[PDB]
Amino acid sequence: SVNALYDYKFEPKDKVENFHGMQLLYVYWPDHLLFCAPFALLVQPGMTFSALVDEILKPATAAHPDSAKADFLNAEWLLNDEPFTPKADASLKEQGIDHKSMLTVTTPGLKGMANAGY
């Protein structure tokens, strides 16, 4: 509880309604801090999980030398810190990937560089 001198109540600036039928997805790829922070991606709610993987994440992780031999589609995922199993052909939205959820994608056997998660 905010203290204010009137009834302090405001719409969130980040409502999905403000995004021209797109949504925010975040993706954390641990052990790849080459990328300083999880991505903020702007995605279609009706694209397939597969398409995300191919059309957005391969590109966003390309610059890391693990990216090429990673098998994102088949790696360990969490959706909002909960274990999650991607369905390759469901729309993101249709399998609970909603606006501003974060996927975490752990690749088994790729832990970046030096022995530094880089």
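The first residue of the sequence shown is number 1, and the count goes up from there.
Higher average CA B factor: 105-113, of the stretches 20-28 and 105-113. Once the C-alpha B-factors are averaged per stretch, 77-85 and 30-38 rank with 77-85 first. Ranked by Cα temperature factor within the chain, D98 sits in the lowest third according to the deposited record. Per the deposited record, the Cα B-factor of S67 falls in the highest third when ranked against the other modelled residues of its chain.
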